[PDB]
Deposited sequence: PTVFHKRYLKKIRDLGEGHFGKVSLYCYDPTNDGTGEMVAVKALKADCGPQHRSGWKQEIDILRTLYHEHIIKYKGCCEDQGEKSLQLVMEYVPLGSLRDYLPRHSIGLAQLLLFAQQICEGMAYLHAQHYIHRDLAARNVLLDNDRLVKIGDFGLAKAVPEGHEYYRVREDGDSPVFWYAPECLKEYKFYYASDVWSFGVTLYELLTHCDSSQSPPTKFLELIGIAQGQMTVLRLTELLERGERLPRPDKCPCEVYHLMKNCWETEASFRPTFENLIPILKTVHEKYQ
(Lines of atoms letter the chains of each structure in order from A and count residues from 1; the text may use other names and numbers.)
(Lines give C-alpha, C1' and ligand atoms only; values in the text may rest on other atoms or scores of the structure.)
Protein backbone atom coordinates (compact mmCIF):
# COMPACT_ATOMS: atom_id res chain seq x y z
CA UNK A 1 0.00 0.00 0.00
CA UNK A 2 2.89 2.44 0.90
CA UNK A 3 4.91 3.85 -2.09
CA UNK A 4 8.52 5.04 -1.36
CA UNK A 5 9.83 8.52 -2.46
CA UNK A 6 13.09 6.59 -3.30
CA UNK A 7 11.67 4.95 -6.50
CA UNK A 8 9.05 7.65 -7.37
CA UNK A 9 10.48 10.01 -10.10
CA UNK A 10 8.25 12.87 -11.37
CA UNK A 11 7.61 12.95 -15.19
CA UNK A 12 5.14 15.88 -15.54
CA UNK A 13 2.00 17.52 -14.06
CA UNK A 14 -1.45 16.31 -15.30
CA UNK A 15 -3.50 19.15 -13.72
CA UNK A 16 -5.04 20.78 -10.61
CA UNK A 17 -7.83 19.07 -8.63
CA UNK A 18 -9.68 20.73 -5.68
CA UNK A 19 -6.68 20.31 -3.30
CA UNK A 20 -3.33 20.59 -5.13
CA UNK A 21 -1.68 19.10 -8.23
CA UNK A 22 -2.17 15.74 -9.99
CA UNK A 23 1.19 14.57 -11.43
CA UNK A 24 2.52 11.61 -13.50
CA UNK A 25 5.31 9.56 -11.81
CA UNK A 26 7.17 6.43 -12.94
CA UNK A 27 7.42 4.16 -9.85
CA UNK A 28 10.55 2.06 -10.72
CA UNK A 29 11.81 0.07 -7.66
CA UNK A 30 14.08 -1.99 -10.06
CA UNK A 31 15.70 1.33 -11.26
CA UNK A 32 15.45 0.00 -14.91
CA UNK A 33 8.30 0.26 -13.44
CA UNK A 34 4.56 1.02 -12.84
CA UNK A 35 3.36 4.51 -14.06
CA UNK A 36 1.03 6.22 -11.46
CA UNK A 37 -1.08 9.40 -11.00
CA UNK A 38 -0.11 11.13 -7.69
CA UNK A 39 -2.46 13.80 -6.19
CA UNK A 40 -0.69 16.00 -3.55
CA UNK A 41 -1.59 18.70 -0.97
CA UNK A 42 0.00 22.13 -1.95
CA UNK A 43 -7.81 22.60 2.89
CA UNK A 44 -5.88 20.11 5.17
CA UNK A 45 -9.30 18.88 6.58
CA UNK A 46 -10.92 18.44 3.10
CA UNK A 47 -7.72 16.81 1.69
CA UNK A 48 -7.65 14.14 4.50
CA UNK A 49 -11.33 13.47 3.46
CA UNK A 50 -10.56 12.84 -0.26
CA UNK A 51 -7.94 10.18 0.86
CA UNK A 52 -10.39 8.41 3.28
CA UNK A 53 -13.21 8.50 0.63
CA UNK A 54 -11.28 7.11 -2.39
CA UNK A 55 -9.66 4.48 -0.03
CA UNK A 56 -13.25 3.13 0.64
CA UNK A 57 -14.50 3.17 -3.04
CA UNK A 58 -14.00 0.16 -5.41
CA UNK A 59 -15.92 0.15 -8.77
CA UNK A 60 -15.16 -0.30 -12.51
CA UNK A 61 -16.28 3.34 -13.18
CA UNK A 62 -14.36 4.87 -10.20
CA UNK A 63 -10.63 5.77 -10.62
CA UNK A 64 -8.51 2.95 -8.98
CA UNK A 65 -6.94 3.88 -5.59
CA UNK A 66 -3.44 2.28 -5.20
CA UNK A 67 -1.91 3.74 -2.02
CA UNK A 68 -0.56 6.72 0.00
CA UNK A 69 3.08 8.02 -0.28
CA UNK A 70 4.16 9.64 3.08
CA UNK A 71 5.25 13.06 1.60
CA UNK A 72 7.88 14.66 3.95
CA UNK A 73 7.59 17.93 1.87
CA UNK A 74 3.96 18.78 3.00
CA UNK A 75 3.81 16.81 6.37
CA UNK A 76 0.95 14.64 4.89
CA UNK A 77 0.16 11.75 2.43
CA UNK A 78 -0.03 12.01 -1.38
CA UNK A 79 -2.93 10.04 -2.99
CA UNK A 80 -1.50 7.48 -5.53
CA UNK A 81 -4.06 6.38 -8.22
CA UNK A 82 -3.95 4.50 -11.58
CA UNK A 83 -2.61 6.46 -14.62
CA UNK A 84 -4.98 6.82 -17.64
CA UNK A 85 -3.10 8.77 -20.36
CA UNK A 86 -6.25 9.56 -22.47
CA UNK A 87 -7.17 11.96 -19.58
CA UNK A 88 -10.57 13.68 -19.09
CA UNK A 89 -13.50 13.67 -21.56
CA UNK A 90 -12.99 17.50 -21.59
CA UNK A 91 -9.38 16.84 -22.89
CA UNK A 92 -10.24 13.93 -25.24
CA UNK A 93 -13.66 14.78 -26.87
CA UNK A 94 -12.62 18.11 -28.52
CA UNK A 95 -9.92 16.13 -30.56
CA UNK A 96 -11.83 12.80 -31.25
CA UNK A 97 -15.17 12.75 -33.26
CA UNK A 98 -16.81 10.10 -30.92
CA UNK A 99 -20.17 8.68 -32.27
CA UNK A 100 -23.56 9.05 -30.44
CA UNK A 101 -23.69 5.38 -29.22
CA UNK A 102 -20.24 5.69 -27.59
CA UNK A 103 -21.25 8.97 -25.85
CA UNK A 104 -24.37 7.17 -24.39
CA UNK A 105 -22.17 4.19 -23.20
CA UNK A 106 -20.02 6.85 -21.36
CA UNK A 107 -23.25 8.34 -19.85
CA UNK A 108 -24.47 4.82 -18.85
CA UNK A 109 -21.04 4.18 -17.20
CA UNK A 110 -21.08 7.54 -15.22
CA UNK A 111 -24.60 6.62 -13.88
CA UNK A 112 -23.41 3.11 -12.78
CA UNK A 113 -20.47 4.66 -10.83
CA UNK A 114 -22.68 7.46 -9.35
CA UNK A 115 -25.36 4.81 -8.38
CA UNK A 116 -22.51 3.01 -6.54
CA UNK A 117 -21.29 6.28 -4.91
CA UNK A 118 -24.88 7.12 -3.69
CA UNK A 119 -25.32 3.49 -2.40
CA UNK A 120 -22.13 4.10 -0.26
CA UNK A 121 -23.86 7.34 1.01
CA UNK A 122 -21.54 9.90 -0.72
CA UNK A 123 -22.32 12.95 -2.94
CA UNK A 124 -19.75 13.93 -5.63
CA UNK A 125 -20.55 17.72 -5.76
CA UNK A 126 -18.45 18.27 -8.99
CA UNK A 127 -19.79 15.71 -11.51
CA UNK A 128 -18.43 17.39 -14.67
CA UNK A 129 -16.76 16.19 -17.92
CA UNK A 130 -13.42 17.54 -16.46
CA UNK A 131 -13.72 14.88 -13.63
CA UNK A 132 -14.55 11.84 -15.87
CA UNK A 133 -11.39 10.02 -17.15
CA UNK A 134 -11.21 7.68 -20.24
CA UNK A 135 -9.36 4.34 -19.57
CA UNK A 136 -10.14 3.21 -23.19
CA UNK A 137 -12.49 3.82 -26.23
CA UNK A 138 -15.49 2.25 -24.32
CA UNK A 139 -14.58 2.64 -20.55
CA UNK A 140 -14.83 5.86 -18.39
CA UNK A 141 -13.84 6.32 -14.68
CA UNK A 142 -14.97 9.14 -12.30
CA UNK A 143 -11.99 11.03 -10.78
CA UNK A 144 -11.53 14.14 -8.55
CA UNK A 145 -13.44 13.34 -5.28
CA UNK A 146 -12.06 16.63 -3.84
CA UNK A 147 -15.62 17.96 -3.06
CA UNK A 148 -17.20 14.48 -2.31
CA UNK A 149 -18.92 14.34 1.18
CA UNK A 150 -20.50 11.57 3.38
CA UNK A 151 -24.29 12.25 3.77
CA UNK A 152 -25.27 11.62 7.46
CA UNK A 153 -30.16 13.12 6.28
CA UNK A 154 -30.90 13.29 2.47
CA UNK A 155 -28.45 16.23 1.86
CA UNK A 156 -25.21 17.91 3.03
CA UNK A 157 -25.22 21.62 4.05
CA UNK A 158 -22.32 23.07 1.92
CA UNK A 159 -20.71 26.55 2.57
CA UNK A 160 -20.02 29.62 0.33
CA UNK A 161 -16.34 29.18 1.39
CA UNK A 162 -15.26 26.85 -1.52
CA UNK A 163 -14.49 26.77 -5.33
CA UNK A 164 -18.17 25.93 -6.22
CA UNK A 165 -18.87 24.83 -9.83
CA UNK A 166 -22.13 26.93 -9.97
CA UNK A 167 -22.66 26.18 -13.74
CA UNK A 168 -23.12 22.39 -12.88
CA UNK A 169 -25.39 23.09 -9.82
CA UNK A 170 -29.17 22.75 -9.14
CA UNK A 171 -31.19 25.77 -7.82
CA UNK A 172 -31.39 24.22 -4.30
CA UNK A 173 -27.51 24.15 -4.15
CA UNK A 174 -27.23 27.79 -5.43
CA UNK A 175 -30.06 29.17 -3.14
CA UNK A 176 -30.40 27.06 0.05
CA UNK A 177 -26.79 25.66 0.14
CA UNK A 178 -28.26 22.11 0.55
CA UNK A 179 -26.66 19.36 -1.62
CA UNK A 180 -29.00 16.32 -2.20
CA UNK A 181 -28.33 13.02 -4.10
CA UNK A 182 -30.71 14.66 -6.64
CA UNK A 183 -28.21 17.63 -6.98
CA UNK A 184 -25.58 15.17 -8.40
CA UNK A 185 -28.26 14.00 -10.96
CA UNK A 186 -28.64 17.67 -12.13
CA UNK A 187 -24.78 17.84 -12.51
CA UNK A 188 -25.02 14.56 -14.53
CA UNK A 189 -27.54 16.26 -16.88
CA UNK A 190 -24.97 19.09 -17.49
CA UNK A 191 -22.15 16.47 -17.91
CA UNK A 192 -24.43 14.68 -20.46
CA UNK A 193 -24.87 18.11 -22.22
CA UNK A 194 -20.99 18.43 -22.31
CA UNK A 195 -20.63 14.86 -23.82
CA UNK A 196 -23.10 15.63 -26.68
CA UNK A 197 -21.23 18.96 -27.46
CA UNK A 198 -17.85 17.04 -27.51
CA UNK A 199 -16.93 19.44 -24.62
CA UNK A 200 -16.73 22.32 -27.21
CA UNK A 201 -15.58 25.46 -25.23
CA UNK A 202 -17.97 27.79 -27.18
CA UNK A 203 -20.81 25.32 -26.19
CA UNK A 204 -19.73 25.04 -22.47
CA UNK A 205 -22.17 25.67 -19.54
CA UNK A 206 -20.21 28.71 -18.23
CA UNK A 207 -20.05 30.18 -21.79
CA UNK A 208 -23.80 29.53 -22.46
CA UNK A 209 -25.11 30.63 -18.98
CA UNK A 210 -22.99 33.90 -19.06
CA UNK A 211 -24.30 34.39 -22.67
CA UNK A 212 -27.87 34.37 -21.14
CA UNK A 213 -26.96 36.41 -17.94
CA UNK A 214 -24.12 38.69 -19.21
CA UNK A 215 -21.03 40.15 -17.44
CA UNK A 216 -22.35 43.71 -16.69
CA UNK A 217 -23.12 42.82 -12.99
CA UNK A 218 -20.70 39.99 -11.97
CA UNK A 219 -21.57 40.35 -8.23
CA UNK A 220 -24.97 38.60 -9.00
CA UNK A 221 -24.05 35.90 -11.62
CA UNK A 222 -25.43 33.35 -9.04
CA UNK A 223 -28.66 35.36 -8.32
CA UNK A 224 -29.24 35.80 -12.12
CA UNK A 225 -28.39 32.09 -12.73
CA UNK A 226 -30.81 31.01 -9.93
CA UNK A 227 -33.66 33.19 -11.36
CA UNK A 228 -32.98 31.99 -15.00
CA UNK A 229 -33.26 28.32 -13.77
CA UNK A 230 -36.44 29.00 -11.58
CA UNK A 231 -38.12 30.66 -14.67
CA UNK A 232 -37.43 27.25 -16.36
CA UNK A 233 -34.72 28.25 -18.90
CA UNK A 234 -32.13 25.54 -19.65
CA UNK A 235 -28.94 24.95 -21.70
CA UNK A 236 -30.07 24.34 -25.32
CA UNK A 237 -30.35 21.01 -27.22
CA UNK A 238 -26.85 20.14 -28.60
CA UNK A 239 -26.57 19.74 -32.45
CA UNK A 240 -27.49 16.11 -33.41
CA UNK A 241 -28.65 15.38 -29.78
CA UNK A 242 -31.81 13.21 -30.23
CA UNK A 243 -35.12 14.67 -28.86
CA UNK A 244 -35.34 11.63 -26.44
CA UNK A 245 -31.87 12.32 -24.90
CA UNK A 246 -32.62 16.09 -24.47
CA UNK A 247 -35.91 15.08 -22.65
CA UNK A 248 -33.79 12.86 -20.28
CA UNK A 249 -31.37 15.85 -19.89
CA UNK A 250 -34.37 18.11 -18.97
CA UNK A 251 -35.67 15.39 -16.55
CA UNK A 252 -32.23 15.64 -14.79
CA UNK A 253 -32.73 19.48 -14.74
CA UNK A 254 -36.11 19.38 -12.89
CA UNK A 255 -36.41 22.49 -10.60
CA UNK A 256 -37.98 20.20 -7.94
CA UNK A 257 -35.27 17.73 -6.77
CA UNK A 258 -37.80 14.93 -5.87
CA UNK A 259 -38.99 14.86 -9.59
CA UNK A 260 -35.42 14.11 -10.89
CA UNK A 261 -34.67 10.39 -11.56
CA UNK A 262 -32.06 8.66 -9.34
CA UNK A 263 -28.96 7.12 -11.04
CA UNK A 264 -30.51 3.60 -10.58
CA UNK A 265 -33.52 4.95 -12.62
CA UNK A 266 -31.23 6.31 -15.43
CA UNK A 267 -29.09 3.12 -15.88
CA UNK A 268 -31.71 0.99 -17.74
CA UNK A 269 -32.90 4.04 -19.77
CA UNK A 270 -29.27 4.77 -20.95
CA UNK A 271 -28.67 0.96 -21.46
CA UNK A 272 -31.74 0.92 -23.79
CA UNK A 273 -31.07 4.29 -25.57
CA UNK A 274 -27.40 3.09 -26.11
CA UNK A 275 -28.67 -0.17 -27.74
CA UNK A 276 -30.87 1.87 -30.19
CA UNK A 277 -28.21 4.19 -31.82
CA UNK A 278 -25.71 1.24 -31.82
Give me the ranges of the deposited sequence that have no CA atoms here, in sequence order.
1, 34-35, 46-51, 162-163
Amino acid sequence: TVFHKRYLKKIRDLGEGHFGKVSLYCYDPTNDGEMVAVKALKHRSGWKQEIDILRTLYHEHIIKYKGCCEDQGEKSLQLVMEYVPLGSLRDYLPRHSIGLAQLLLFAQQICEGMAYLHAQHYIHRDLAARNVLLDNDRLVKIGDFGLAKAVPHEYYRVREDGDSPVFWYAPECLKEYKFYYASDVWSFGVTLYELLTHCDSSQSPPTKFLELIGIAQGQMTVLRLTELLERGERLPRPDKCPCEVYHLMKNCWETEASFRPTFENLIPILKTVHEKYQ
From here on, numbers count along this sequence of modelled residues.
Look up the CA B-factors in the entry and say which stretch, 155-163 or 101-109, has the higher mean.
155-163
Between 231-239 and 45-53, which has the larger average Cα B-factor in the PDB entry?
45-53
Have a look at 75, 95, 141, 208 and flag the one whose Cα has the highest B-factor in the entry.
75
The largest CA temperature factor among 184, 91, 71, 200 is found at 71
Quick tally, chain-level thirds of C-alpha B-factors: residue 177 sits in the highest
Comparing against every modelled residue in the chain, figure out the third that the C-alpha B-factor of residue 190 lands in (lowest, middle or highest).
lowest
Ranking the modelled residues of this chain by C-alpha B-factor as given in the entry, is residue 38 in the lowest, middle or highest third?
middle
C-alpha B factor of residue 27, ranked within the chain: lowest, middle or highest third?
highest
Ordered by C-alpha B-factor within the chain, which third holds residue 261? Give me lowest, middle or highest, please.
lowest
